[PDB]
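Chemist: First, the structure itself, so that you have it in front of you.
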Amino acid sequence: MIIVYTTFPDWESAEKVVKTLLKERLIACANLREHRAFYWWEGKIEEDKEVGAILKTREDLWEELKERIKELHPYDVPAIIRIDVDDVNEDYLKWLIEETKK
Amino acid sequence: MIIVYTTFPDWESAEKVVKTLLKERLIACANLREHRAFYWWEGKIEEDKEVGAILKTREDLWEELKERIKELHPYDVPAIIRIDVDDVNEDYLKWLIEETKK
Amino acid sequence: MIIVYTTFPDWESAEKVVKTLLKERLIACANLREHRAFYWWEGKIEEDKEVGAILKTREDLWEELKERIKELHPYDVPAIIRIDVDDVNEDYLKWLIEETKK
Ligand SMILES: [Cl-]
Ligand SMILES: [Cl-]
Ligand SMILES: [Cl-]
Ligand SMILES: [Cl-]
Ligand code: NA
């Protein structure tokens, strides 16, 4: 399986996007939590509150998930970071595989 | 070393489990913070407040740690995710090894 | 690209360090959020509020970044954890590499 990390400007957009992803079953679940971001943007260091999202899904769904997030994301250049899971308990992996599209 | 990510339904269970893992020297430490979870569960997209836990330990302790968490976890199907650390400062690694059993 | 995870004792140090790393373009950005750390100290399990920081940068900047964090960090034995990113949207990766030193 894989973990996908992305960030949103607010709770409204984060919740809307994540719910759509769940409805389309591109992910089995998401963990949302606030954070403060500091980043470079056109010659200036920006500071913004964001809602970070940890999405969990199947490895084979990466491409489709990434594309969908791109179409739904409020940011023009969002962060869609994929981290492969080296191992996970099989009983959980089963639930995840079962709850994701196939 | 490795990082292990798991979630709990509340702070009570999260603390109990983490402290048990520490007393048994299966992990060097943990980072816990709340998050809003959205997931599929028997035909419904559940929304709940959870406590996410980031555990740090040695690679050779993974299996034993995974099985121990399965026994202690309040969730019937908990997420026990392993992510290998590609590199880390040496002093921290040495500290982590000294803190974990064997 | 890679993600580097470290923790700080407070927001003052977290933001000062992160802003310095950005100014020197060792990272493209960072996400900071509080958490509760659990670890052994003085013979017992201690709980401490910390500010976790997720930094995003290029793989080739790892060594320089790690050494810089060591020089700036308030902790004597800080956690400087590198986790390689398996995949990421390429428009974000293009942005990230163009904002970091070289
Ligand atoms: Cl998978
Ligand atoms: Cl996190
Ligand atoms: Cl080192
Ligand atoms: Cl892309
Ligand atoms: Na990896």
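Ordering of the structure tokens sets the chain letters (A, B, ...); residue numbers start at 1 within each chain; ligands are numbered from 1 in the order shown.
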Rotate and translate chain A onto chain C via least squares on all in-order Cα pairs, then write the result as a tab-separated table (two decimals) with N, CA, C and O atoms, in the first residue's frame.
Modeler:
```tsv
chain	number	residue	atom	x	y	z
A	1	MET	N	12.87	13.34	-4.53
A	1	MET	CA	12.92	14.29	-3.38
A	1	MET	C	12.81	13.55	-2.05
A	1	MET	O	12.63	12.33	-2.02
A	2	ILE	N	12.93	14.28	-0.96
A	2	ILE	CA	12.84	13.67	0.36
A	2	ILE	C	12.03	14.53	1.31
A	2	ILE	O	11.84	15.72	1.09
A	3	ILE	N	11.54	13.90	2.37
A	3	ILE	CA	10.81	14.59	3.41
A	3	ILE	C	11.70	14.41	4.63
A	3	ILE	O	12.21	13.31	4.87
A	4	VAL	N	11.93	15.48	5.38
A	4	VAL	CA	12.72	15.38	6.60
A	4	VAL	C	11.87	15.82	7.77
A	4	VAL	O	11.29	16.91	7.77
A	5	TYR	N	11.78	14.95	8.78
A	5	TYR	CA	10.98	15.23	9.96
A	5	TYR	C	11.85	15.49	11.19
A	5	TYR	O	12.73	14.70	11.51
A	6	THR	N	11.58	16.60	11.87
A	6	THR	CA	12.33	16.94	13.08
A	6	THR	C	11.34	17.58	14.05
A	6	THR	O	10.24	17.95	13.65
A	7	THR	N	11.72	17.69	15.32
A	7	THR	CA	10.82	18.30	16.29
A	7	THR	C	11.54	19.37	17.09
A	7	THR	O	12.75	19.30	17.28
A	8	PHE	N	10.78	20.37	17.53
A	8	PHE	CA	11.33	21.47	18.31
A	8	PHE	C	10.58	21.64	19.62
A	8	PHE	O	9.41	21.29	19.72
A	9	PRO	N	11.24	22.19	20.65
A	9	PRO	CA	10.59	22.39	21.95
A	9	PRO	C	9.50	23.46	21.93
A	9	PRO	O	8.59	23.43	22.75
A	10	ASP	N	9.58	24.40	21.00
A	10	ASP	CA	8.58	25.47	20.93
A	10	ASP	C	8.48	26.10	19.55
A	10	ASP	O	9.26	25.79	18.65
A	11	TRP	N	7.51	27.00	19.39
A	11	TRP	CA	7.30	27.67	18.11
A	11	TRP	C	8.41	28.64	17.76
A	11	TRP	O	8.75	28.79	16.59
A	12	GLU	N	8.98	29.29	18.76
A	12	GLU	CA	10.06	30.25	18.52
A	12	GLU	C	11.24	29.60	17.82
A	12	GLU	O	11.69	30.07	16.77
A	13	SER	N	11.75	28.51	18.40
A	13	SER	CA	12.89	27.81	17.82
A	13	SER	C	12.55	27.17	16.48
A	13	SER	O	13.35	27.22	15.54
A	14	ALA	N	11.36	26.59	16.38
A	14	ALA	CA	10.95	25.95	15.13
A	14	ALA	C	10.92	26.96	13.98
A	14	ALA	O	11.49	26.72	12.92
A	15	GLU	N	10.26	28.09	14.21
A	15	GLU	CA	10.16	29.11	13.18
A	15	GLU	C	11.50	29.72	12.80
A	15	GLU	O	11.77	29.98	11.63
A	16	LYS	N	12.36	29.94	13.80
A	16	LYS	CA	13.67	30.52	13.56
A	16	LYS	C	14.53	29.60	12.70
A	16	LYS	O	15.12	30.03	11.71
A	17	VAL	N	14.59	28.33	13.08
A	17	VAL	CA	15.38	27.35	12.34
A	17	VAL	C	14.85	27.17	10.92
A	17	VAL	O	15.62	27.23	9.96
A	18	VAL	N	13.55	26.97	10.78
A	18	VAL	CA	12.95	26.78	9.45
A	18	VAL	C	13.16	27.98	8.52
A	18	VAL	O	13.41	27.80	7.33
A	19	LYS	N	13.07	29.20	9.05
A	19	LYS	CA	13.27	30.39	8.22
A	19	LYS	C	14.72	30.46	7.73
A	19	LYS	O	14.98	30.83	6.58
A	20	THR	N	15.66	30.11	8.60
A	20	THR	CA	17.08	30.11	8.24
A	20	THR	C	17.31	29.09	7.13
A	20	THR	O	18.01	29.35	6.16
A	21	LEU	N	16.69	27.92	7.28
A	21	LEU	CA	16.83	26.86	6.28
A	21	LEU	C	16.27	27.32	4.94
A	21	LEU	O	16.81	27.00	3.89
A	22	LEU	N	15.18	28.08	4.97
A	22	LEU	CA	14.58	28.58	3.74
A	22	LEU	C	15.47	29.65	3.12
A	22	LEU	O	15.68	29.67	1.91
A	23	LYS	N	16.00	30.54	3.96
A	23	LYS	CA	16.86	31.61	3.45
A	23	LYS	C	18.10	31.05	2.78
A	23	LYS	O	18.56	31.57	1.77
A	24	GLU	N	18.65	29.98	3.35
A	24	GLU	CA	19.84	29.36	2.80
A	24	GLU	C	19.43	28.41	1.67
A	24	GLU	O	20.27	27.80	1.02
A	25	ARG	N	18.13	28.32	1.45
A	25	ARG	CA	17.55	27.47	0.41
A	25	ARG	C	17.93	25.99	0.49
A	25	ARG	O	18.14	25.33	-0.53
A	26	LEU	N	18.00	25.47	1.71
A	26	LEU	CA	18.33	24.07	1.93
A	26	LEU	C	17.03	23.26	1.82
A	26	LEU	O	17.05	22.04	1.70
A	27	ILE	N	15.91	23.97	1.87
A	27	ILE	CA	14.59	23.36	1.74
A	27	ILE	C	13.69	24.30	0.93
A	27	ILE	O	13.97	25.50	0.82
A	28	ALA	N	12.63	23.75	0.34
A	28	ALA	CA	11.70	24.54	-0.46
A	28	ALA	C	10.52	25.00	0.40
A	28	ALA	O	9.85	25.97	0.07
A	29	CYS	N	10.28	24.28	1.48
A	29	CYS	CA	9.21	24.65	2.40
A	29	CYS	C	9.07	23.69	3.57
A	29	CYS	O	9.62	22.58	3.57
A	30	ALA	N	8.34	24.14	4.58
A	30	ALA	CA	8.14	23.35	5.78
A	30	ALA	C	6.71	23.43	6.26
A	30	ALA	O	6.02	24.43	6.03
A	31	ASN	N	6.27	22.37	6.93
A	31	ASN	CA	4.92	22.30	7.49
A	31	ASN	C	5.14	22.10	9.00
A	31	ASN	O	5.72	21.11	9.41
A	32	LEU	N	4.68	23.06	9.80
A	32	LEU	CA	4.84	22.96	11.25
A	32	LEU	C	3.50	22.73	11.97
A	32	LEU	O	2.52	23.40	11.68
A	33	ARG	N	3.48	21.78	12.89
A	33	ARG	CA	2.26	21.49	13.65
A	33	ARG	C	2.62	20.91	15.01
A	33	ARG	O	3.58	20.15	15.14
A	34	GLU	N	1.85	21.28	16.02
A	34	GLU	CA	2.07	20.84	17.39
A	34	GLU	C	1.76	19.37	17.64
A	34	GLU	O	1.00	18.74	16.90
A	35	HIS	N	2.36	18.82	18.69
A	35	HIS	CA	2.10	17.45	19.10
A	35	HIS	C	2.64	17.25	20.51
A	35	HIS	O	3.36	18.09	21.04
A	36	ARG	N	2.24	16.15	21.13
A	36	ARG	CA	2.70	15.81	22.46
A	36	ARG	C	3.64	14.63	22.34
A	36	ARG	O	3.27	13.60	21.77
A	37	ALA	N	4.85	14.78	22.85
A	37	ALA	CA	5.82	13.71	22.76
A	37	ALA	C	6.00	12.99	24.08
A	37	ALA	O	5.97	13.60	25.15
A	38	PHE	N	6.19	11.67	23.99
A	38	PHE	CA	6.43	10.83	25.15
A	38	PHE	C	7.69	10.08	24.73
A	38	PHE	O	7.70	9.41	23.70
A	39	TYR	N	8.75	10.20	25.52
A	39	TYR	CA	10.01	9.55	25.17
A	39	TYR	C	10.86	9.18	26.37
A	39	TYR	O	10.70	9.73	27.46
A	40	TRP	N	11.77	8.24	26.14
A	40	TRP	CA	12.68	7.80	27.18
A	40	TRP	C	13.84	8.78	27.30
A	40	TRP	O	14.39	9.23	26.30
A	41	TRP	N	14.20	9.13	28.53
A	41	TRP	CA	15.33	10.01	28.74
A	41	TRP	C	15.98	9.74	30.08
A	41	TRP	O	15.45	10.09	31.13
A	42	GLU	N	17.13	9.08	30.03
A	42	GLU	CA	17.90	8.75	31.23
A	42	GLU	C	17.10	8.07	32.34
A	42	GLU	O	17.04	8.57	33.46
A	43	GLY	N	16.47	6.94	32.01
A	43	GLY	CA	15.72	6.19	33.00
A	43	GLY	C	14.33	6.67	33.36
A	43	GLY	O	13.73	6.14	34.30
A	44	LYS	N	13.80	7.65	32.64
A	44	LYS	CA	12.47	8.17	32.92
A	44	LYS	C	11.72	8.50	31.63
A	44	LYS	O	12.32	8.95	30.66
A	45	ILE	N	10.41	8.27	31.62
A	45	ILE	CA	9.60	8.58	30.45
A	45	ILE	C	9.18	10.04	30.56
A	45	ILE	O	8.40	10.40	31.44
A	46	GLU	N	9.71	10.87	29.67
A	46	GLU	CA	9.40	12.30	29.66
A	46	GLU	C	8.17	12.61	28.82
A	46	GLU	O	7.83	11.88	27.89
A	47	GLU	N	7.51	13.71	29.15
A	47	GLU	CA	6.32	14.16	28.45
A	47	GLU	C	6.55	15.64	28.13
A	47	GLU	O	6.77	16.45	29.02
A	48	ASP	N	6.50	16.00	26.85
A	48	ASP	CA	6.72	17.39	26.45
A	48	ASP	C	5.94	17.80	25.21
A	48	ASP	O	5.76	17.01	24.29
A	49	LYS	N	5.46	19.04	25.21
A	49	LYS	CA	4.77	19.57	24.04
A	49	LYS	C	5.88	19.96	23.09
A	49	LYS	O	6.92	20.46	23.53
A	50	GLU	N	5.68	19.74	21.80
A	50	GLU	CA	6.69	20.10	20.81
A	50	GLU	C	5.99	20.60	19.56
A	50	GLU	O	4.77	20.50	19.43
A	51	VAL	N	6.79	21.14	18.64
A	51	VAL	CA	6.29	21.59	17.36
A	51	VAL	C	7.01	20.70	16.36
A	51	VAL	O	8.23	20.75	16.25
A	52	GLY	N	6.25	19.86	15.66
A	52	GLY	CA	6.83	18.98	14.67
A	52	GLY	C	6.99	19.70	13.35
A	52	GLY	O	6.15	20.52	12.97
A	53	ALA	N	8.07	19.40	12.63
A	53	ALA	CA	8.29	20.06	11.35
A	53	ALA	C	8.57	19.07	10.23
A	53	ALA	O	9.43	18.20	10.35
A	54	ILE	N	7.81	19.22	9.15
A	54	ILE	CA	7.95	18.39	7.96
A	54	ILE	C	8.65	19.30	6.93
A	54	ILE	O	8.08	20.30	6.50
A	55	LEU	N	9.88	18.95	6.57
A	55	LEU	CA	10.66	19.74	5.62
A	55	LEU	C	10.73	18.99	4.29
A	55	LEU	O	10.87	17.76	4.27
A	56	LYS	N	10.64	19.72	3.19
A	56	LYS	CA	10.68	19.11	1.86
A	56	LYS	C	11.86	19.66	1.06
A	56	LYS	O	12.04	20.87	0.97
A	57	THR	N	12.67	18.78	0.50
A	57	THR	CA	13.83	19.22	-0.26
A	57	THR	C	14.37	18.14	-1.19
A	57	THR	O	13.77	17.08	-1.33
A	58	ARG	N	15.50	18.43	-1.82
A	58	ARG	CA	16.14	17.49	-2.74
A	58	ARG	C	16.94	16.43	-2.00
A	58	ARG	O	17.49	16.67	-0.93
A	59	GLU	N	17.01	15.25	-2.61
A	59	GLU	CA	17.74	14.12	-2.05
A	59	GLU	C	19.22	14.44	-1.85
A	59	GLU	O	19.80	14.10	-0.83
A	60	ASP	N	19.83	15.11	-2.83
A	60	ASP	CA	21.25	15.43	-2.72
A	60	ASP	C	21.59	16.44	-1.62
A	60	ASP	O	22.75	16.58	-1.25
A	61	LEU	N	20.59	17.14	-1.09
A	61	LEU	CA	20.84	18.12	-0.04
A	61	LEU	C	20.74	17.56	1.37
A	61	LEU	O	20.98	18.28	2.35
A	62	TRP	N	20.42	16.28	1.49
A	62	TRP	CA	20.27	15.64	2.80
A	62	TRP	C	21.42	15.89	3.78
A	62	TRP	O	21.21	16.40	4.88
A	63	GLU	N	22.63	15.50	3.38
A	63	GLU	CA	23.80	15.67	4.24
A	63	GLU	C	23.99	17.11	4.72
A	63	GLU	O	24.19	17.35	5.91
A	64	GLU	N	23.94	18.05	3.79
A	64	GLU	CA	24.12	19.46	4.14
A	64	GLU	C	23.00	19.96	5.04
A	64	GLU	O	23.24	20.69	6.00
A	65	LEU	N	21.77	19.55	4.74
A	65	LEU	CA	20.62	19.96	5.53
A	65	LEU	C	20.74	19.42	6.95
A	65	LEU	O	20.54	20.15	7.93
A	66	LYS	N	21.05	18.13	7.06
A	66	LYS	CA	21.19	17.49	8.36
A	66	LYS	C	22.23	18.20	9.21
A	66	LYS	O	22.01	18.47	10.39
A	67	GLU	N	23.37	18.51	8.60
A	67	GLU	CA	24.45	19.18	9.32
A	67	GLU	C	24.03	20.56	9.81
A	67	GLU	O	24.35	20.95	10.93
A	68	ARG	N	23.31	21.29	8.96
A	68	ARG	CA	22.86	22.63	9.32
A	68	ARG	C	21.85	22.57	10.46
A	68	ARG	O	21.90	23.38	11.39
A	69	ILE	N	20.92	21.62	10.40
A	69	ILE	CA	19.93	21.49	11.46
A	69	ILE	C	20.65	21.19	12.77
A	69	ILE	O	20.28	21.72	13.82
A	70	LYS	N	21.69	20.36	12.70
A	70	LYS	CA	22.47	20.01	13.89
A	70	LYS	C	23.07	21.24	14.55
A	70	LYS	O	23.07	21.37	15.78
A	71	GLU	N	23.60	22.14	13.73
A	71	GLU	CA	24.24	23.36	14.23
A	71	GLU	C	23.23	24.36	14.80
A	71	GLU	O	23.54	25.08	15.75
A	72	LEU	N	22.03	24.39	14.24
A	72	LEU	CA	20.99	25.33	14.67
A	72	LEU	C	20.02	24.84	15.74
A	72	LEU	O	19.45	25.64	16.49
A	73	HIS	N	19.81	23.53	15.80
A	73	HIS	CA	18.85	22.96	16.72
A	73	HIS	C	19.10	23.16	18.22
A	73	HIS	O	20.20	22.96	18.71
A	74	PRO	N	18.05	23.57	18.96
A	74	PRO	CA	18.16	23.80	20.40
A	74	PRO	C	18.38	22.50	21.18
A	74	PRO	O	18.98	22.50	22.25
A	75	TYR	N	17.88	21.38	20.64
A	75	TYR	CA	18.06	20.08	21.30
A	75	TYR	C	19.49	19.60	21.06
A	75	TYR	O	20.03	19.80	19.98
A	76	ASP	N	20.09	18.96	22.05
A	76	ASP	CA	21.44	18.45	21.89
A	76	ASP	C	21.41	17.21	21.00
A	76	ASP	O	22.31	16.99	20.18
A	77	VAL	N	20.37	16.40	21.17
A	77	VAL	CA	20.18	15.19	20.37
A	77	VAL	C	18.81	15.27	19.71
A	77	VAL	O	17.85	14.63	20.14
A	78	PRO	N	18.69	16.07	18.64
A	78	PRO	CA	17.43	16.23	17.92
A	78	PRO	C	17.11	15.04	17.02
A	78	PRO	O	17.98	14.21	16.74
A	79	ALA	N	15.86	14.97	16.57
A	79	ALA	CA	15.44	13.91	15.66
A	79	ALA	C	15.49	14.52	14.27
A	79	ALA	O	14.83	15.53	14.01
A	80	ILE	N	16.29	13.94	13.39
A	80	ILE	CA	16.39	14.41	12.01
A	80	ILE	C	16.21	13.17	11.15
A	80	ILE	O	17.17	12.50	10.74
A	81	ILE	N	14.94	12.88	10.87
A	81	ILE	CA	14.51	11.71	10.13
A	81	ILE	C	14.22	11.94	8.66
A	81	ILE	O	13.38	12.76	8.30
A	82	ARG	N	14.91	11.18	7.81
A	82	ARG	CA	14.75	11.30	6.36
A	82	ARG	C	13.91	10.18	5.77
A	82	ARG	O	14.18	9.00	5.99
A	83	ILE	N	12.88	10.56	5.02
A	83	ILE	CA	12.02	9.59	4.36
A	83	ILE	C	12.04	9.92	2.87
A	83	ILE	O	11.65	11.01	2.46
A	84	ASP	N	12.51	8.97	2.06
A	84	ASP	CA	12.57	9.18	0.62
A	84	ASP	C	11.17	9.13	0.03
A	84	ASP	O	10.35	8.30	0.41
A	85	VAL	N	10.90	10.04	-0.91
A	85	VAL	CA	9.61	10.09	-1.58
A	85	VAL	C	9.70	9.18	-2.79
A	85	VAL	O	10.56	9.36	-3.66
A	86	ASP	N	8.83	8.18	-2.85
A	86	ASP	CA	8.83	7.22	-3.94
A	86	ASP	C	8.38	7.80	-5.27
A	86	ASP	O	8.77	7.31	-6.33
A	87	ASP	N	7.55	8.84	-5.21
A	87	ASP	CA	7.08	9.51	-6.42
A	87	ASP	C	6.34	10.77	-6.01
A	87	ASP	O	5.78	10.85	-4.91
A	88	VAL	N	6.35	11.76	-6.90
A	88	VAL	CA	5.68	13.03	-6.66
A	88	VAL	C	5.37	13.60	-8.04
A	88	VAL	O	6.06	13.25	-9.00
A	89	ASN	N	4.35	14.45	-8.15
A	89	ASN	CA	4.04	15.02	-9.45
A	89	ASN	C	5.22	15.88	-9.90
A	89	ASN	O	5.75	16.69	-9.13
A	90	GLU	N	5.65	15.67	-11.14
A	90	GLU	CA	6.80	16.37	-11.71
A	90	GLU	C	6.73	17.89	-11.67
A	90	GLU	O	7.75	18.55	-11.50
A	91	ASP	N	5.54	18.46	-11.82
A	91	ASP	CA	5.40	19.91	-11.79
A	91	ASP	C	5.77	20.46	-10.42
A	91	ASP	O	6.32	21.56	-10.32
A	92	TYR	N	5.48	19.70	-9.37
A	92	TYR	CA	5.83	20.14	-8.03
A	92	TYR	C	7.32	19.94	-7.80
A	92	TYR	O	8.00	20.80	-7.23
A	93	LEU	N	7.84	18.80	-8.25
A	93	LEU	CA	9.26	18.52	-8.08
A	93	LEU	C	10.10	19.62	-8.74
A	93	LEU	O	11.16	19.98	-8.25
A	94	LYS	N	9.60	20.15	-9.86
A	94	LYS	CA	10.29	21.20	-10.59
A	94	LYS	C	10.38	22.46	-9.74
A	94	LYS	O	11.43	23.10	-9.66
A	95	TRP	N	9.26	22.83	-9.13
A	95	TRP	CA	9.21	24.01	-8.27
A	95	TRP	C	10.17	23.83	-7.10
A	95	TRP	O	10.88	24.76	-6.72
A	96	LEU	N	10.19	22.63	-6.53
A	96	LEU	CA	11.07	22.36	-5.39
A	96	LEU	C	12.55	22.44	-5.79
A	96	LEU	O	13.35	23.06	-5.10
A	97	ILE	N	12.90	21.80	-6.90
A	97	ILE	CA	14.28	21.82	-7.37
A	97	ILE	C	14.71	23.26	-7.65
A	97	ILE	O	15.81	23.68	-7.29
A	98	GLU	N	13.81	24.03	-8.27
A	98	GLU	CA	14.08	25.42	-8.61
A	98	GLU	C	14.24	26.34	-7.39
A	98	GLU	O	15.02	27.29	-7.44
A	99	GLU	N	13.52	26.06	-6.31
A	99	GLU	CA	13.61	26.90	-5.11
A	99	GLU	C	14.71	26.50	-4.14
A	99	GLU	O	14.94	27.19	-3.14
A	100	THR	N	15.40	25.39	-4.42
A	100	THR	CA	16.49	24.94	-3.55
A	100	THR	C	17.85	25.27	-4.16
A	100	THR	O	18.00	25.32	-5.38
A	101	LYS	N	18.84	25.51	-3.31
A	101	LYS	CA	20.19	25.86	-3.75
A	101	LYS	C	20.82	24.86	-4.73
A	101	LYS	O	20.55	23.66	-4.68
A	102	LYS	N	21.67	25.37	-5.62
A	102	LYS	CA	22.34	24.52	-6.60
A	102	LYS	C	23.59	25.20	-7.15
A	102	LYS	O	23.77	26.41	-6.91
```
Chemist: Mind the document's chain letters and residue numbers, and return as a PyMOL selection string the residues of chain B that DSSP labels alpha helix (DSSP H).
Modeler: chain B and resi 11-23+62-72+90-99
Chemist: Using the selection just defined, write its residues with N, CA, C and O atoms as a short mmCIF file (atom, residue, chain, number, x, y, z; two decimals), in the first residue's frame.
Modeler:
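Printed below is result_20.cif as written:
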```cif
data_model
loop_
_atom_site.label_atom_id
_atom_site.label_comp_id
_atom_site.auth_asym_id
_atom_site.auth_seq_id
_atom_site.Cartn_x
_atom_site.Cartn_y
_atom_site.Cartn_z
N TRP B 11 -7.26 9.52 23.27
CA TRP B 11 -5.98 9.72 23.93
C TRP B 11 -5.72 8.68 25.00
O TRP B 11 -4.57 8.30 25.24
N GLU B 12 -6.78 8.22 25.65
CA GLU B 12 -6.65 7.23 26.71
C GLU B 12 -5.96 5.96 26.21
O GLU B 12 -4.94 5.54 26.76
N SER B 13 -6.53 5.35 25.17
CA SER B 13 -5.97 4.12 24.62
C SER B 13 -4.60 4.37 23.99
O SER B 13 -3.70 3.55 24.12
N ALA B 14 -4.45 5.51 23.32
CA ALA B 14 -3.18 5.85 22.68
C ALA B 14 -2.05 5.91 23.71
O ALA B 14 -0.98 5.35 23.49
N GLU B 15 -2.29 6.59 24.83
CA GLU B 15 -1.28 6.71 25.87
C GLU B 15 -0.93 5.37 26.51
O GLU B 15 0.25 5.06 26.71
N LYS B 16 -1.95 4.59 26.83
CA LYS B 16 -1.75 3.29 27.44
C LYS B 16 -0.85 2.41 26.57
O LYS B 16 0.15 1.87 27.04
N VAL B 17 -1.21 2.29 25.30
CA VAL B 17 -0.45 1.48 24.35
C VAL B 17 0.98 1.97 24.16
O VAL B 17 1.92 1.19 24.21
N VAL B 18 1.15 3.27 23.94
CA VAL B 18 2.47 3.83 23.75
C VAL B 18 3.35 3.62 24.98
O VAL B 18 4.52 3.23 24.86
N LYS B 19 2.80 3.87 26.16
CA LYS B 19 3.57 3.70 27.38
C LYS B 19 3.96 2.25 27.60
O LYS B 19 5.04 1.96 28.11
N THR B 20 3.09 1.33 27.20
CA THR B 20 3.37 -0.10 27.34
C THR B 20 4.52 -0.48 26.42
O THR B 20 5.41 -1.24 26.82
N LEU B 21 4.51 0.04 25.20
CA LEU B 21 5.56 -0.24 24.23
C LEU B 21 6.89 0.30 24.73
O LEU B 21 7.95 -0.29 24.50
N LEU B 22 6.85 1.44 25.42
CA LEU B 22 8.07 2.04 25.95
C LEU B 22 8.61 1.22 27.12
O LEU B 22 9.81 0.95 27.20
N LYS B 23 7.72 0.82 28.03
CA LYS B 23 8.13 0.03 29.18
C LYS B 23 8.73 -1.30 28.75
O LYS B 23 9.61 -1.84 29.42
N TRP B 62 10.63 -4.73 14.26
CA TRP B 62 9.35 -4.59 13.57
C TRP B 62 8.31 -5.69 13.82
O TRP B 62 7.23 -5.42 14.33
N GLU B 63 8.63 -6.93 13.45
CA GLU B 63 7.69 -8.03 13.64
C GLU B 63 7.18 -8.14 15.07
O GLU B 63 5.97 -8.24 15.31
N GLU B 64 8.09 -8.12 16.04
CA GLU B 64 7.70 -8.23 17.44
C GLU B 64 6.83 -7.05 17.85
O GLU B 64 5.87 -7.21 18.61
N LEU B 65 7.16 -5.86 17.35
CA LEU B 65 6.40 -4.66 17.66
C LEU B 65 5.02 -4.72 17.02
O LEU B 65 4.02 -4.36 17.65
N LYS B 66 4.96 -5.18 15.77
CA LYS B 66 3.70 -5.28 15.06
C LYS B 66 2.74 -6.21 15.80
O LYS B 66 1.58 -5.87 16.01
N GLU B 67 3.23 -7.38 16.20
CA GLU B 67 2.40 -8.34 16.90
C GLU B 67 1.96 -7.84 18.28
O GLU B 67 0.86 -8.14 18.73
N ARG B 68 2.83 -7.08 18.94
CA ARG B 68 2.50 -6.56 20.26
C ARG B 68 1.39 -5.52 20.15
O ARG B 68 0.47 -5.49 20.96
N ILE B 69 1.49 -4.66 19.15
CA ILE B 69 0.48 -3.63 18.93
C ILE B 69 -0.87 -4.28 18.63
O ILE B 69 -1.91 -3.85 19.14
N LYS B 70 -0.87 -5.33 17.80
CA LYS B 70 -2.11 -6.01 17.46
C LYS B 70 -2.83 -6.52 18.70
O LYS B 70 -4.05 -6.49 18.77
N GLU B 71 -2.06 -6.96 19.69
CA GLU B 71 -2.62 -7.49 20.94
C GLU B 71 -3.19 -6.39 21.83
O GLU B 71 -4.23 -6.57 22.46
N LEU B 72 -2.50 -5.25 21.87
CA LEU B 72 -2.90 -4.13 22.71
C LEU B 72 -3.93 -3.17 22.13
O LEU B 72 -4.68 -2.53 22.87
N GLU B 90 23.62 10.26 12.91
CA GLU B 90 24.22 9.20 13.70
C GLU B 90 23.98 9.23 15.21
O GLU B 90 23.70 8.19 15.82
N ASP B 91 24.10 10.40 15.82
CA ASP B 91 23.89 10.51 17.26
C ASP B 91 22.48 10.10 17.68
O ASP B 91 22.29 9.47 18.72
N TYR B 92 21.49 10.43 16.86
CA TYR B 92 20.12 10.07 17.17
C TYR B 92 19.94 8.56 17.05
O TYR B 92 19.29 7.93 17.88
N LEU B 93 20.50 7.98 15.99
CA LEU B 93 20.40 6.54 15.78
C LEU B 93 21.00 5.79 16.97
O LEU B 93 20.40 4.86 17.50
N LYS B 94 22.19 6.21 17.40
CA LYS B 94 22.86 5.57 18.53
C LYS B 94 21.98 5.67 19.77
O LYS B 94 21.85 4.71 20.54
N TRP B 95 21.37 6.83 19.96
CA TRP B 95 20.48 7.06 21.09
C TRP B 95 19.28 6.11 21.02
O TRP B 95 18.87 5.54 22.03
N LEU B 96 18.73 5.94 19.82
CA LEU B 96 17.57 5.08 19.62
C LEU B 96 17.88 3.61 19.91
O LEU B 96 17.06 2.89 20.48
N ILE B 97 19.07 3.19 19.51
CA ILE B 97 19.50 1.81 19.72
C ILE B 97 19.70 1.53 21.20
O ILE B 97 19.33 0.47 21.70
N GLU B 98 20.27 2.50 21.91
CA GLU B 98 20.51 2.36 23.34
C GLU B 98 19.20 2.29 24.12
O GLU B 98 19.10 1.59 25.13
N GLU B 99 18.18 3.02 23.64
CA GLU B 99 16.88 3.05 24.31
C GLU B 99 16.01 1.81 24.09
O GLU B 99 15.12 1.52 24.89
#
```
Chemist: Output as number ranges by chain all residues of chain A that backbone DSSP marks as strand (DSSP E or B).
Modeler: A: 2-8, 29-41, 44-57, 81-84, 87-88
